[PDB]
Structure formats: C-alpha cells, structure tokens
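Structure first, commentary second.
Every chain is numbered from 1 and lettered A, B, ... according to where its sequence line falls, protein lines coming before strand lines. Hydrogens, waters and symmetry mates play no part in the numbers below; they use all other heavy atoms, side chains included.
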Amino acid sequence: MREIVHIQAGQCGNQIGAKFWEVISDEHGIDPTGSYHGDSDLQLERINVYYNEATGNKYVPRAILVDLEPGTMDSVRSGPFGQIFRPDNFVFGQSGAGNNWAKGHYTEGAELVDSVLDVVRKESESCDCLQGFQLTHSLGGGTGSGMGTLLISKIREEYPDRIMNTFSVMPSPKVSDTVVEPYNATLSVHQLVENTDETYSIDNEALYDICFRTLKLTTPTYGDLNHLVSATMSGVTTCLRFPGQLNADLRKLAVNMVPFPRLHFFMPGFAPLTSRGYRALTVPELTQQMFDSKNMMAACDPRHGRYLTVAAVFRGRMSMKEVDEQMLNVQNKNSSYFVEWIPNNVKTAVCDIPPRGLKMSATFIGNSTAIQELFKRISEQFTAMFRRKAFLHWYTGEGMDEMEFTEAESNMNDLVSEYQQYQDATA
Amino acid sequence: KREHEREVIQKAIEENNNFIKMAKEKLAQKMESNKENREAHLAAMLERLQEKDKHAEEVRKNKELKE
Ligand SMILES: CC[C@H](C)[C@H](NC(=O)[C@@]1(C)CCCN1C)C(=O)N(C)[C@H](C[C@@H](OC(C)=O)c1nc(C(=O)N[C@@H](Cc2ccc(N)cc2)C[C@H](C)C(=O)O)cs1)C(C)C
Ligand SMILES: Nc1nc2c(ncn2[C@@H]2O[C@H](COP(=O)(O)OP(=O)(O)O)[C@@H](O)[C@H]2O)c(=O)[nH]1
Ligand SMILES: [Ca+2]
Ligand SMILES: [Mg+2]
Ligand SMILES: [Mg+2]
C-alpha cells in the first residue's frame, strides 16, 4: 500500500477523469506543466499516491487514458492540463464502441485491451508499493461500460491481491436518450458486483436534479454535472492524498465500508453544493447538508433505508470539538437510520486544506441499503425491453447470447434482494 | 471468463461468415434457376415455330402431290 494507478475509459470516463486531475493538481499545487508551486508541505507528504516524480523534480499523474475513438482524448490533450499526462499513457482506437457494451467488452475493446495493460504494467513497475486501481467511466456507453469492466477483470487476473475501486456513472433518461443504456448498465453492474472492492455510484439523475432544483440551472450542461463529480472525487479521495488516521488507504477504507463483499456500492454526498460561478458554512450546516437527500450523488432517499457504514470527511479550518459534536448529534438524533448490529459505523476525518474557492466543505460516503432504489430503476428499464427482447440484435450481432442478459438481470435482482435483507435485519 | 470472451468473438465471426455464405448460395441458386427457365422458355417458343415450318413443308408437298 502507497501508489494508486488511475485509468479513465470512454467519453464520460475521460471527461470526469480529466476534471479530477485538474482539481487535485491545483490542490497539491502542481501547474499544467507538472512543476510544484505551493505554499504548504502538506501538499507533497502524500503526493506519490497519485503522482510519479520525474527527473528535474516534475510531477507526472499516474494516469492511463483509454478510448475506442480519438475524440475526447484529443480535446483532453488540447485541454489546460493535457500536458501534465504522460503521452505514452494515451491508449486509443479509431473504430468507436457505438454505445454497445458487446463492442467494448468482446469485439472492438478486445483489439485494444492488451496495449492498455502494457501501460498498466509499466506504471505498476515504477511503484514501491502499489495499493490498487482507480477507474472513471460511465455504465451507459460502450467503451467505459464494456471495455472498462473487461479492463477491471483483466487487471484483477494480473493483480489479484490489489484493491479495485471505481467511480461509475449511472444512466438517466433526463441526461441521455440512448435506448440501450439500461442493457449496458445492467451488464456493467454484474461485472462491478464480482470484480470491484469499492464503487462510488455517481448518478446522472441526481447530478441533473441538483443542477436544476438546487443550483437553479435551467439548461445544465455536462460540465455542470462534472463540476459536482470533480468536487465529489476530490472529497472521497482526500484521506488517501493528505496525512491522516482514518481511511488513509484503499484497503483500510474497504474494511471500514464493506460488511458484505457484494454490498460495496457507495452513495456519495457533498456540502456546499455549488455551480461554477463569499458566505462560509458553519460546522452544523455542513453536517445537516452532507446527510440530506438533496446533497446525495445517487438518486436514492437515505430515509428509505438504513446505513450499514458511513465515512464523513470535513475539509478546512474548523472546530474538531464541534465537528465531533455535530457528527454525534446527527447519529443520536436519527439512530433508527443506522443498523444497530454494526456498532459505531460512522467514522469521521478532518483535513486542514479545503477545496478551491471554499473556506469549508464536507464529503459524505455512505453504504446505505437505499442504493437498491437506483438498481431497481435500471432493472425496471432493462426488464421492460428484455421481456420483448427489443434492441438485442445489436448485442447478438456481436456474438452475445440472451443467457448473459438473463444472468446479469438475475445478479442485479439478487443484489437488490441482499440490500433488502440487511434493511429488515435486527439485532 | 477469458475463454467465453474468445468464444463470443468467434461466434460473431462464424455468424457473419455463415451470412455471406448463405447469401452467395441463395444467389448462385437463383441465377441458375432463372438461366435454365429463360432458356427452356425460348426453346419451347422456337419448337412451336419450327413445327409451323415443318407443317408448311407438309402443305407445299400436299400441293405438289396433285400434280
Ligand atoms: C438539444 C439537446 C440537448 C443538448 C440535450 N437534451 C437532451 O438530451 C433531452 C433533455 C432532450 C430530450 C430528452 N433529453 C434527455 C441536453 O441538454 N443534454 C444532453 C445535456 C448536455 C448538453 O447540454 C447542453 C445545454 O449543451 C451538453 N453539455 C455539453 C458540455 O457541457 N460541454 C462542455 C465540454 C464537454 C463535452 C462533452 C462531454 N461529455 C463533457 C464535456 C463545454 C461546456 C462549455 C461546459 O463546460 O459546460 C456538451 S453537450 C444533459 C446534461 C441533460
Ligand atoms: N456526468 C456525465 N455523464 C456523461 C458524460 N459523458 C457521457 N455521459 C453519460 O455516459 C453515458 C454514455 O456513455 P459515454 O461515456 O459517452 O460512452 P463510452 O465512450 O462508449 O464509454 C450516458 O449516460 C451519458 O449521459 C460526462 O461528461 N459527464
Ligand atoms: Ca475490427
Ligand atoms: Mg462516445
Ligand atoms: Mg434527507
């Protein structure tokens, strides 16, 4: 445990993956060239978790950029920070995955996958002690969906002893109009259940509704949604990047958050919710907000379920007494929403460095049984098409069988049944 | 898993090949049934006409039979 290898696949993966490096680069005082220009040495104490230090004391992100089309990666290379990334670490195709999981996993992705793994291997070599892997991707497309999950499976074969963690973007009919998305998403969940240690369920429905109802953006863009995603990614990784006691590594996080191996889908939360365009928040406000439904990055009502485990990260200069007071107040005021059979399931961290333009923030990470709502949604949409076998030719024309679909459908339905099991479980 | 991945791409290839094959076969079959049919139609037409010529000789011979 020390170094994290980051992989970003497909359009969504590369867009959110790019925004991630831009945000934490500024946080750790690294300019678009890779040169350090910060005020604190707290910025470099754990820099090697995400960055490789190179000759002439220049910091290179330990990032692999994957896609089955050049498009997005070209705009990432043309972008502000595209210069920070190692150019040998840009692995792309020309075909595209055409929003088809079968193309990303079996046909087109199959052709590119070993070139990615050679870059994964090279990065893994330059590691004194590799922790595991981080992947950004959407579950609704073809590349990040199909290729991303095949890359996880292949990485797991070569590194079975390491931690596999993902930032998976869930589809919403409010953001996308690609009919096949529920199919790709169910095929991807089946993979995530088996092969990941931790998954941050980033839901496009919740990101859209936050932008519309709370940020009062009439016509939200992808960059608006990605702004909330980059804030969430910066917050959920804090403990890994800065000196600290709680969840300072991927494994310690998993042991605190995962009571049952399939139940590793986290509902991230964030306070204050902001749009890209003064008024500081009190420790009590940060606490009410981070636990509020309106601040969740997954379109689930936490009050409809029970928390199995919670991680709370507070960023900035505040009272550790008051943080502790408010955290205990939240648990003691709503004790029914926290399983009694997992004693002291809420663990809190406080980090002195806040994000850009915020005096203070709070990031929540919850393993709530209410995540079954997101899975019931994708399941409702999948079953509606699959019971009439609609749009399957796109998949069977790639060599897949109805069996894979029936299996994926079953595993996700079983996962929803498991989350219910522990919601109705008493001590 | 690596086995099933291999099996799936192989099934994609065989179904595509079987498709090009069946198409090639259907066309060869149709262009031969049509060639034989059109030829048989012209043949039938010209025998009917050749028998009209045969009959005309029978008429010219029946005329010369009186002289
Ligand atoms: C006329 C159709 C519009 C474009 C589309 N409408 C729909 O999909 C609707 C609402 C119509 C029918 C039902 N359906 C769900 C739409 O609003 N969306 C698909 C948006 C996304 C769309 O919004 C607009 C207003 O353009 C896009 N946003 C960007 C964008 O943010 N571009 C940024 C760069 C980028 C490009 C692609 C990716 N994947 C990520 C980022 C650049 C801009 C300046 C920024 O930073 O916001 C591009 S298209 C999502 C969030 C609901
Ligand atoms: N939040 C967010 N969603 C995105 C973005 N790009 C694509 N998506 C979503 O991802 C899905 C399509 O997957 P995409 O990443 O474009 O395809 P891929 O390139 O084949 O992996 C749909 O649900 C889109 O709404 C992005 O930048 N941000
Ligand atoms: Ca090809
Ligand atoms: Mg695309
Ligand atoms: Mg609430």
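In this structure, a donor-acceptor pair under 3.5 Å is present between the side chains of A:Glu409 and A:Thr383. Side-chain contact check for A:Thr287 and A:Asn329: no donor-acceptor pair (N or O, by modelled atom type) lies under 3.5 Å. With no hydrogens or angles considered, no side-chain donor-acceptor pair links A:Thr72 and A:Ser75 at under 3.5 Å. Inspection of the A:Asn184 and A:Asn100 side chains reveals no N or O donor paired with an N or O acceptor under 3.5 Å. In the model, A:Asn411 has a side-chain atom that pairs as donor or acceptor with a side-chain atom of A:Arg262 under 3.5 Å. Judged by distance alone, the side chains of A:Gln8 and A:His137 never bring a donor and an acceptor atom under 3.5 Å apart. Using a 3.5 Å distance cut-off with no hydrogens or angles, the side chains of A:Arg303 and A:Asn334 do pair a donor with an acceptor. For the residue pair A:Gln191/A:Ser188, the side-chain donor-acceptor check at 3.5 Å is not satisfied. A donor-acceptor contact closer than 3.5 angstrom links the side chains of A:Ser293 and A:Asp301.
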Handout entry: Residues A:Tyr51, A:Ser25; criterion side chain to side chain contact (heavy atoms under 4.5 Å, CB included); working and verdict
Key = CA-CA 9 Å; A:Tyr51 306 74; A:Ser25 274; 2.9 Å; yes
Handout entry: Pair A:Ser124-A:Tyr159, side-chain hydrogen bond (donor to acceptor under 3.5 Å, both in side chains): steps then yes or no
Key = CA-CA 10 Å; A:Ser124 285; A:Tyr159 309 91; 3.2 Å; yes
Exercise for the section: Kindly indicate, with the supporting measurements, whether the criterion ring-ring contact (aromatic ring centres under 6.0 Å, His included) is fulfilled by A:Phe364 and A:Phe291. Expected result: CA-CA 7 Å; A:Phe364 163 100; A:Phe291 282 92; 5.2 Å; yes
Practice task
Report the C-alpha separation of A:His6 and A:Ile64 in whole Å, then their side-chain angles, then the decisive distance to 0.1 Å, and conclude whether the side chain to side chain contact (heavy atoms under 4.5 Å, CB included) test is met.
Solution key: CA-CA 6 Å; A:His6 164 105; A:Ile64 309 160; over 6 Å; no
Handout entry: Residue pair A:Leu225, A:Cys211: steps toward the side chain to side chain contact (heavy atoms under 4.5 Å, CB included) verdict
Key = CA-CA 7 Å; A:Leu225 267 54; A:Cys211 283; 3.8 Å; yes
Problem - Check against side chain to side chain contact (heavy atoms under 4.5 Å, CB included), A:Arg315 and A:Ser234 - result: CA-CA 11 Å; A:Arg315 300 186 77 177; A:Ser234 168; 2.9 Å; yes
Practice task
May I have the step-by-step check of side-chain hydrogen bond (donor to acceptor under 3.5 Å, both in side chains) for A:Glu69 and A:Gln11, ending in yes or no?
Solution key: CA-CA 9 Å; A:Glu69 53 178 40; A:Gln11 185 195 221; over 6 Å; no
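Residue pairs meeting the ring pair (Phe, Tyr, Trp, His ring centres under 6.0 Å) criterion with at least one member in residues 317-339 of chain A, sequence neighbours excluded: A:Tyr307-A:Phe338. The salt bridge (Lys or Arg N to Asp or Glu O under 4.0 Å) contacts involving residues 240-252 of chain A comprise A:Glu27-A:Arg241, where partners must be two or more places apart or lie in separate chains. Sorted by first and then second residue, the ring pair (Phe, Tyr, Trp, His ring centres under 6.0 Å) pairs with a member in residues 400-426 of chain A read A:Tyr183-A:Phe405, A:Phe260-A:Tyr422, A:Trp341-A:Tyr422, A:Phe386-A:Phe405, A:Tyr395-A:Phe405; sequence neighbours excluded. For residues 134-162 of chain A, every residue pair satisfying the salt bridge (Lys or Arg N to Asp or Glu O under 4.0 Å) rule, not counting sequence neighbours, is listed here: A:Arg121-A:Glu158, A:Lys154-B:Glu5, A:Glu157-B:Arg2.
Side chains of A:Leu151 and A:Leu135 form no contact here, defined as non-hydrogen atoms less than 4.5 Å apart.
Around the NZ atom of A:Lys389, the shell of radius 6.0 Å holds more than 12 heavy atoms that belong to other residues, nucleotides or ligands. In the displayed structure, A:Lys359 atom NZ is contacted under 6.0 Å by at most 12 heavy atoms of other residues, nucleotides or ligands. Around the CD atom of A:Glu325, the shell of radius 6.0 Å holds more than 12 heavy atoms that belong to other residues, nucleotides or ligands.
At distances below 3.5 Å, at least one donor-acceptor pair connects side-chain atoms of A:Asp203 with backbone N or O atoms of A:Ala299. When atom types are taken as modelled, the side chain of A:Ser176 and the backbone of A:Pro173 share no donor-acceptor pair closer than 3.5 angstrom. Although no hydrogens or angles enter the test, the distance criterion places a donor-acceptor pair under 3.5 Å between the side chain of A:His264 and the main chain of A:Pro261. Side chain of A:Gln131 to backbone of A:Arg2: a donor-acceptor contact under 3.5 angstrom is found.
Considering OG1 of A:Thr136 and CD1 of A:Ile7, their distance stands at 9.0 Å, rounded to 0.5 Å. A:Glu322 contributes atom CD, which lies 9.5 Å from atom CE of A:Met318 (distance to the nearest 0.5 angstrom). A distance of 8.0 Å separates CD1 of B:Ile9 from CD of A:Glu108, quoted to the nearest 0.5 Å. Remark: A:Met170 CE to A:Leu207 CG distance equals 11.0 Å, nearest 0.5 Å. Interatomic distance, CG of A:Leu42 versus CD1 of A:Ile47, reported as 11.5 Å (0.5 Å rounding). Between A:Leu217 atom CG and A:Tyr208 atom OH the span is 9.5 Å, to the nearest 0.5 Å.
Salt-bridge annotation for A:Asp224 and A:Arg276: present, with a side-chain N of the basic residue lying under 4.0 Å from a carboxylate O of the acidic one. Between A:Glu340 and A:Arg306, at least one side-chain N (NZ, or NE/NH1/NH2) sits under 4.0 Å from a carboxylate O, which counts as a salt bridge.
A:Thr107 is linked by a side chain to side chain donor-acceptor pair (under 3.5 Å) to A:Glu398, counting only residues two or more places apart in sequence or in another chain. With sequence neighbours left out, A:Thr178 forms a side chain to side chain donor-acceptor pair (under 3.5 Å) with no residue at all. Residues satisfying the side chain to side chain donor-acceptor pair (under 3.5 Å) test with A:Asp424, not counting sequence neighbours, are A:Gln420. Every residue two or more places apart in sequence or in another chain that forms a side chain to side chain contact (heavy atoms under 4.5 Å, CB included) with A:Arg213 is listed here: A:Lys174, A:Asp209. A:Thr143 is linked by a side chain to side chain contact (heavy atoms under 4.5 Å, CB included) to A:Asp67, A:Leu68, A:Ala97, A:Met147, counting only residues two or more places apart in sequence or in another chain. Considering only residues two or more places apart in sequence or on other chains, A:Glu198 meets the side chain to side chain contact (heavy atoms under 4.5 Å, CB included) condition with A:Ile163, A:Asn165, A:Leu250, A:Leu253, A:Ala254, A:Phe266. Residues satisfying the side chain to side chain contact (heavy atoms under 4.5 Å, CB included) criterion with B:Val8, sequence neighbours excluded, are A:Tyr106, A:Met400, A:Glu404, B:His4. By the side chain to side chain donor-acceptor pair (under 3.5 Å) test, A:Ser275 is found to be paired with no residue, residues two or more places apart in sequence or in another chain being considered.
Here the two rings, on A:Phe265 and A:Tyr200, have centers that are 6.0 Å apart or farther.
Using cut-offs of 30° and 60° for the angle between ring planes, the A:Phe242 and A:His28 rings count as parallel.
When all heavy atoms of A:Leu281 and A:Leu286 are compared, the closest pair comes out as CD2-CD2, 3.8 Å.
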